[PDB]
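Next up: the same protein chain in two forms, each one alone, written as structure tokens (structure 1, then structure 2).
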Structure 1
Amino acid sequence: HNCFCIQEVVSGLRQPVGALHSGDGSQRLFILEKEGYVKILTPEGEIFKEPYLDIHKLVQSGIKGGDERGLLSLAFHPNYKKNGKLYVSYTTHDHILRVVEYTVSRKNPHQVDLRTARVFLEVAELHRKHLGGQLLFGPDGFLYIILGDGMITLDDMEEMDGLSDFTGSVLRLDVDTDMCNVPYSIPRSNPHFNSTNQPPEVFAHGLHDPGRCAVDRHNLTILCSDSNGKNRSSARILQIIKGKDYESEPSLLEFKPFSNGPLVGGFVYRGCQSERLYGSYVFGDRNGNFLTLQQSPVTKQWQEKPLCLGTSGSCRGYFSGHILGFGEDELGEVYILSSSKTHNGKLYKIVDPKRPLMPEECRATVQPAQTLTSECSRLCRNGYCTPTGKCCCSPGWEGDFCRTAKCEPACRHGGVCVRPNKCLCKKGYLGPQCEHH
């Protein structure tokens, strides 16, 4: 038979939202928990006692199920290995969907220091469904953020005033700035770049209730399942070509290739363990029914095909509970994260039993995560530090890395400008500037 196979990796998680890797060589798998935690799974298979990220007090999460409100998504900078930069989305008139950047401990590669929270976006939301929140870097290194309805209606926007124009849209930002005013630059080739009509951040609109959108990096394609609420579920696809400058939005083309009902989301499998699954879009429903969306090269049309699970040895045709999201290895291998109704979150790995667990092609040396050595990370005294390496000085500091203090009128008589507007005077000189004797 041609079935796939699931294998329990980790258990005792608390409501897993999903998992991904950091692209830094350590085959570390970072697991997201809804309450506002990110935990680390070593390639050697240990869940580190200390959480990688613990923001559970900041995040307002669900008090039940169906309540969509926790930590939403995580994304590492394309150059995390050098600049150690994360990007995180989470909930906090009802609530605000925040998108924030964090930077790892300069002393611990396995922990983020929370003092580096640098808010990028704050999206007001009225309801607790159709939130979205998925974050991804396409090639060219732009931050794509995918936002659902928030169940905001047309009339709810003529009533409300101070309310985000982003909900229901794919947003695109250039995070790599040497500027120190705006936390992000609006990209190069965005539609509404200069803008007056429609907000510059919006790259496309039309999303309602999107699942985990499959992301094909090939020059970039994102394929979403969309529940559409009461209406039948569809699939929306967004395509991006070679550095093209847009002045009209790319169309987020809708088509309805699904039959079974709602889907958690999907992925484009590009791991090593499965030969046959290579390049396939795989979508999965809540109860672990799996699909493949294959596009005909000849007709360019789409076709859903089922995908069975089957037990062979301890690698089994079933998992416990229901699927909450999906996972991706550094090696590109693929996971499901499940939970069952307290503290029963599980990580399972999808396996092709026709192939070995460790084929020749799949061997890879793990390069263990390393403390930051980037110039801005070490020298940039205080004030923040942009993913490009620029050090942005907090009021009253100057210098490439802000190490010099600013004293408005200078310190006199050999006095030293220790802090902004603080003079350290030599014995015998009183006064804020050491002016008197």
Structure 2
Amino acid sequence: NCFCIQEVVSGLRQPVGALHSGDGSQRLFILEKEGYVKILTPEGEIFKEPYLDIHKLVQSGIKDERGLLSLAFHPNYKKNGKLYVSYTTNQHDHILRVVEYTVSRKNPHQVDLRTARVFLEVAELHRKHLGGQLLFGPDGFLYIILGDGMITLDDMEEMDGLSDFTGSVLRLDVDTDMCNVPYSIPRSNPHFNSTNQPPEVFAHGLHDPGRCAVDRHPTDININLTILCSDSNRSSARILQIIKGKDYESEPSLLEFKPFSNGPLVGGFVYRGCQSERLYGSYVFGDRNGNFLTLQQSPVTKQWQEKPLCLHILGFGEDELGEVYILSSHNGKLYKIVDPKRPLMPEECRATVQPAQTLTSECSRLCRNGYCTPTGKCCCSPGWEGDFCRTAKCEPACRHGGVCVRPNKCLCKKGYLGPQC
């Protein structure tokens, strides 16, 4: 009937959320409000050195949603070591930035800060309704949920340099062999190859979303992915459904129904764990006071039923096994949800821990004078060309079978002379 929780770690520094990377290492990455990402071993100890540390770049605050917002590991992080993080920064109240990083090819437990690669920089006038949740879909594309930021129409109608991305969901294909751009746009996308609309935008209708539950195994056949959010602005919930094999010509509409009852709501999630068999497949949402509930639709009728879940909250987490976590409020700690009806670690939930290893990919190996795309392509910096950016490129370029070597020094074979042969 009732659920129980066990503490895991304390002394945490303003936690906001936690997740895994899907690489066997069973490491639990813990996001901290002020710009730190700490690692938790499958055992239960916190590393000394932070996985990520950008507290200088991120301008947070207490009250105020500013700070480290979200982080998402690439589906193939095991190979490319690519991750993506969203946070607020400044110098217009601030900027919501979305950047790609790459773990050190020397140390798997810390990211090379030099590998920073900015994708989006959203202008923000206030410090509420920010959003910024990152996530991948079975399709492989990167999703980005953004609140409206309280940017009224008047605001966007008389001010320059405003996002035009706020209050909507974005769809980005990060797996590109293109270099002139940070990312590409899926053909699936509605505004793909458009001349009047932002190709990035997938759908809109958001305002002040908490943590949106991501059901990756919808009970439907056509729907391959569904995202359920909880707004507060009034107050309701809205969900976005998605089909894998579908080329969008138009904007997917956000379903605005009202499942919940009255009070606020921090966020939610869909249980994919192995620990509990009864909680499996159930949506779970709670508030800041530890009050939880479960949601469930139906194959037929498609009606939603709400059942209370027996048991200050800041956020939730999910390890590789699917087990969910609670983050509360150096006061800050992590808990773990456990179903008393079954053992803490059933004989079937067992899993061998494959420690995180160094990047051995082809690109990470021999790619200099450029960067590796999540697909392995080495995009050369200016003045370079060739597969892995070793072939020097002069200015002007060498002619008559001329080969560039030094800074703009062509090299003419026998019979030719001159700066460019």
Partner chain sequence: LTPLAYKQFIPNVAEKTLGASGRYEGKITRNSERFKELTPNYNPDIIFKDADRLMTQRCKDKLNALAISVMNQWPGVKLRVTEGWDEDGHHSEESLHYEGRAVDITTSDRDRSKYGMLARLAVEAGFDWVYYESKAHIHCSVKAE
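Only residues modelled in both forms are compared. Rigid core (definition): largest C-alpha set, two forms, superposition within 1.5 Å. Residue numbering: sequential along structure 1, first residue numbered 1.
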{"query": "Structure number of the form solved in complex with its partner chain", "finding": "2"}
{"query": "Selected hinge residue, 38, 386, 406, 75 [rigid parts, motion between structure 1 and structure 2]", "finding": "406"}
{"query": "Whole-degree rotation of one rigid part against the other between structure 1 and structure 2", "finding": "56"}
{"query": "Angstrom displacement of the CA atom of residue 426 between structure 1 and structure 2, core fixed", "finding": "16.1"}
{"query": "Rigid core superposed, the C-alpha shift at residue 417 between structure 1 and structure 2 in Å", "finding": "6.1"}
{"query": "Following rigid core superposition, Cα shift of residue 304 between structure 1 and structure 2 in Å", "finding": "1.7"}
{"query": "Mobile segments between structure 1 and structure 2 - rigid core superposition, Cα shift of 2 Å or more, 3+ residues", "finding": "196-198, 296-298, 403-434"}
